[PDB]
Every structure is written in structure tokens, then in C-alpha cells.
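Undergrad: Sending over a structure as C-alpha cells; questions will come in a sec.
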Amino acid sequence: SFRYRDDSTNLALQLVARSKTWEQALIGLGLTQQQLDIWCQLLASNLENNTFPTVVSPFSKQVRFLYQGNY
RNA sequence: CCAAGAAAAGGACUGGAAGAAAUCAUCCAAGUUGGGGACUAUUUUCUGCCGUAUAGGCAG
């Protein structure tokens with residue numbers, strides 16, 4: 001992470017959001033426009049799913065209490 | 001129905017050798033403790049005979 005435009009961000013977020021200043025510097029450092037056009041898609045895709053676990057993992061903790069009249 | 005439930009830290013071991021604390025010295029001067037006073041009371045222990053006897057032994 002780093003501070004940019006007076007907020008908290010990182011490299012993955014600036015490229016997924018299509019932040020032109022970072023893309024212009026990155027192409028200037030030798031990246032082909034076609035390589036960037038593909039990465040913006042794959043990089044974004046990796047942050048679009050699997051945000052909540054499907055099952056409870058067998059080594060996790062579990063504790064139970066009353067809530068709204070039941071456990 | 002507890003950041004829930006279960007749990008063997010164990011086995012071994014050489015701190016050693018040697019040494020100089022020393023020399024000197026003025027606590028002094030003065031000083032009012034005093035005045036008054038019940039251990040006996042509702043006590044318990046008297047009266048005699050023998051014996052040279054304030055010795056020693058006895059009845060009531």
C-alpha cells in the first residue's frame with residue numbers, strides 16, 4: 001500500500017480502476033499496450049469472487065451463546 | 001453450554017593458583033528537691049490435774 005491523491009490505495013487498485021497516470025508511467029517503463037489491456041482484465045478478475053468461505057474450516061474455532069431467544 | 005473439546009521437556013558435567021593498611025593528638029567551666037500523715041477492728045485460742053521444772057505429757 002501507499003498514500004495517493006491523499007487517500008490509502010495500492011498498485012492493484014490503481015490499475016483495476018484504470019488510473020491513467022500509473023498506466024502512462026508503466027507503458028513508459030517498457031510495457032506493451034496489448035500486455036496492459038490483458039492484465040487490467042485478469043488483475044480485476046482475481047478481486048471479483050471468493051470473498052466469503054463456502055464451508056466452516058475443520059481447524060477454526062466455534063463458540064455458542066443465546067441471541068434473540070435461541071443459540 | 002467459556003478464542004470451546006484432548007496433552008509427561010527430559011538425559012550428562014571439578015573454578016582454580018598467589019598476597020603487610022600505616023604514622024600523629026588535652027572535653028572543659030557553674031549549680032538547695034521540699035512540705036503532711038493512726039494497721040487494728042464484732043476479736044474466736046478459755047479452765048484444770050501429774051511432773052524439781054516457763055522442759056515433756058494429758059482430760060475436759
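Just so we're on the same page: first chain in the C-alpha cells is A, next is B, and so on; residues restart at 1 for each chain, and ligands are numbered from 1 in the order they show up.
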Looking only at helix (DSSP H, G or I) from DSSP on the backbone, list the matching residues of chain A as a list in words.
TA: residues 11, 12, 13, 14, 15, 16, 20, 21, 22, 23, 24, 25, 26, 27, 28, 33, 34, 35, 36, 37, 38, 39, 40, 41, 42, 43, 44 and 45 of chain A
Undergrad: Deliver the residues from the most recent selection as a file, using N, CA, C and O atoms, as a tab-separated table (two decimals), in the first residue's frame.
TA:
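Final file, result12.tsv:
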chain	number	residue	atom	x	y	z
A	11	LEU	N	-1.01	-0.69	-5.74
A	11	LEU	CA	-0.89	-0.84	-7.20
A	11	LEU	C	-2.06	-1.58	-7.88
A	11	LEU	O	-2.51	-1.15	-8.94
A	12	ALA	N	-2.53	-2.70	-7.33
A	12	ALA	CA	-3.65	-3.46	-7.92
A	12	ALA	C	-4.91	-2.61	-8.13
A	12	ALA	O	-5.52	-2.64	-9.19
A	13	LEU	N	-5.26	-1.79	-7.14
A	13	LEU	CA	-6.44	-0.93	-7.20
A	13	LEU	C	-6.33	0.16	-8.27
A	13	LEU	O	-7.28	0.38	-9.00
A	14	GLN	N	-5.17	0.81	-8.41
A	14	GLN	CA	-4.99	1.88	-9.39
A	14	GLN	C	-5.06	1.34	-10.83
A	14	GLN	O	-5.63	1.99	-11.70
A	15	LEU	N	-4.54	0.15	-11.08
A	15	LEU	CA	-4.61	-0.46	-12.41
A	15	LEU	C	-6.02	-0.99	-12.72
A	15	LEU	O	-6.55	-0.71	-13.79
A	16	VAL	N	-6.68	-1.67	-11.77
A	16	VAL	CA	-8.07	-2.15	-11.97
A	16	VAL	C	-9.05	-1.00	-12.21
A	16	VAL	O	-9.90	-1.10	-13.09
A	20	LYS	N	-4.97	6.52	-15.21
A	20	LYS	CA	-4.12	6.82	-16.38
A	20	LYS	C	-2.68	7.21	-16.06
A	20	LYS	O	-1.78	6.78	-16.76
A	21	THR	N	-2.44	7.96	-14.99
A	21	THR	CA	-1.07	8.40	-14.63
A	21	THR	C	-0.14	7.21	-14.40
A	21	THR	O	0.98	7.17	-14.91
A	22	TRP	N	-0.62	6.20	-13.67
A	22	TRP	CA	0.14	4.98	-13.41
A	22	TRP	C	0.33	4.16	-14.69
A	22	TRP	O	1.43	3.69	-14.94
A	23	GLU	N	-0.70	4.06	-15.53
A	23	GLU	CA	-0.60	3.32	-16.80
A	23	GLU	C	0.39	3.97	-17.77
A	23	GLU	O	1.17	3.28	-18.41
A	24	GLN	N	0.41	5.30	-17.85
A	24	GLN	CA	1.34	6.05	-18.70
A	24	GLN	C	2.80	5.83	-18.27
A	24	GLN	O	3.65	5.56	-19.11
A	25	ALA	N	3.08	5.89	-16.97
A	25	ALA	CA	4.41	5.57	-16.44
A	25	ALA	C	4.80	4.10	-16.70
A	25	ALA	O	5.93	3.83	-17.11
A	26	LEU	N	3.88	3.16	-16.54
A	26	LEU	CA	4.11	1.73	-16.72
A	26	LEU	C	4.41	1.35	-18.18
A	26	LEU	O	5.36	0.62	-18.46
A	27	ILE	N	3.66	1.91	-19.14
A	27	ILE	CA	3.94	1.78	-20.57
A	27	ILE	C	5.30	2.43	-20.91
A	27	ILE	O	6.11	1.83	-21.62
A	28	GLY	N	5.59	3.61	-20.36
A	28	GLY	CA	6.89	4.28	-20.50
A	28	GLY	C	8.09	3.45	-20.03
A	28	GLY	O	9.16	3.52	-20.63
A	33	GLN	N	1.19	-1.82	-24.85
A	33	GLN	CA	-0.23	-1.52	-24.59
A	33	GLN	C	-1.11	-2.79	-24.55
A	33	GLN	O	-1.92	-2.96	-23.64
A	34	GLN	N	-0.88	-3.74	-25.46
A	34	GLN	CA	-1.58	-5.02	-25.51
A	34	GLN	C	-1.37	-5.87	-24.25
A	34	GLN	O	-2.31	-6.51	-23.78
A	35	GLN	N	-0.17	-5.87	-23.65
A	35	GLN	CA	0.07	-6.58	-22.40
A	35	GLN	C	-0.72	-5.93	-21.26
A	35	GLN	O	-1.31	-6.66	-20.45
A	36	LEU	N	-0.80	-4.60	-21.19
A	36	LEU	CA	-1.60	-3.88	-20.19
A	36	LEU	C	-3.12	-4.12	-20.36
A	36	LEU	O	-3.81	-4.41	-19.38
A	37	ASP	N	-3.63	-4.05	-21.58
A	37	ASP	CA	-5.04	-4.31	-21.89
A	37	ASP	C	-5.52	-5.70	-21.42
A	37	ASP	O	-6.61	-5.83	-20.88
A	38	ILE	N	-4.71	-6.75	-21.60
A	38	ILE	CA	-4.93	-8.06	-20.96
A	38	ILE	C	-4.83	-8.22	-19.43
A	38	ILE	O	-5.71	-8.82	-18.81
A	39	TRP	N	-3.80	-7.65	-18.82
A	39	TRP	CA	-3.64	-7.61	-17.36
A	39	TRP	C	-4.75	-6.88	-16.49
A	39	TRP	O	-5.27	-7.38	-15.50
A	40	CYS	N	-5.26	-5.79	-17.07
A	40	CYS	CA	-6.29	-4.97	-16.44
A	40	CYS	C	-7.44	-5.97	-16.22
A	40	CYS	O	-8.09	-5.95	-15.18
A	41	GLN	N	-7.69	-6.88	-17.17
A	41	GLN	CA	-8.81	-7.83	-17.10
A	41	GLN	C	-8.54	-8.97	-16.10
A	41	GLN	O	-9.36	-9.23	-15.21
A	42	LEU	N	-7.38	-9.62	-16.21
A	42	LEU	CA	-7.01	-10.72	-15.32
A	42	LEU	C	-6.80	-10.24	-13.88
A	42	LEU	O	-7.32	-10.86	-12.94
A	43	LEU	N	-6.14	-9.09	-13.71
A	43	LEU	CA	-5.94	-8.44	-12.41
A	43	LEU	C	-7.28	-8.09	-11.74
A	43	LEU	O	-7.49	-8.44	-10.58
A	44	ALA	N	-8.21	-7.48	-12.47
A	44	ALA	CA	-9.55	-7.21	-11.95
A	44	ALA	C	-10.30	-8.50	-11.58
A	44	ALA	O	-10.90	-8.60	-10.51
A	45	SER	N	-10.24	-9.52	-12.44
A	45	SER	CA	-10.96	-10.79	-12.23
A	45	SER	C	-10.62	-11.49	-10.90
A	45	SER	O	-11.51	-12.02	-10.23
Undergrad: With 8 Å as the limit and counting only C-alpha atoms (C1' of nucleotides), what residues in chain B lie close to chain A? Please list them as a ChimeraX atom specification.
TA: /B:1,3-4
Undergrad: Skipping near chain neighbours, those fewer than 5 positions away, what residues fall within 12 Å of residue 49 of chain B using only C-alpha atoms (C1' of nucleotides), listed as a PyMOL selection string?
TA: chain B and resi 57-60
Undergrad: In Å, rounded to a single decimal, give me how far atom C1' of residue 5 of chain B is from atom CA of residue 55 of chain A.
TA: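 Interatomic distance here is 20.5 Å.
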Undergrad: Check chain A with DSSP on the backbone and list each residue it calls strand (DSSP E or B), as a VMD selection string.
TA: chain A and resid 2 to 4 7 to 9 67 70
Undergrad: Would you mind exporting the chosen residues as a tab-separated table (two decimals), in the first residue's frame, restricted to C-alpha atoms?
TA:
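Once everything was written out, this is again22.tsv:
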chain	number	residue	atom	x	y	z
A	2	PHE	CA	0.85	3.75	-0.26
A	3	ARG	CA	-0.82	7.22	0.06
A	4	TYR	CA	-2.01	8.68	-3.30
A	7	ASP	CA	-6.09	8.56	0.28
A	8	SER	CA	-4.99	4.94	1.01
A	9	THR	CA	-4.51	2.73	-2.10
A	67	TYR	CA	-29.07	-14.48	20.56
A	70	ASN	CA	-32.04	-19.00	20.57
Undergrad: Quote the spacing between atom CA of residue 17 of chain A and atom CA of residue 31 of chain A in Å to one decimal place.
TA: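 It comes out at 18.1 Å.
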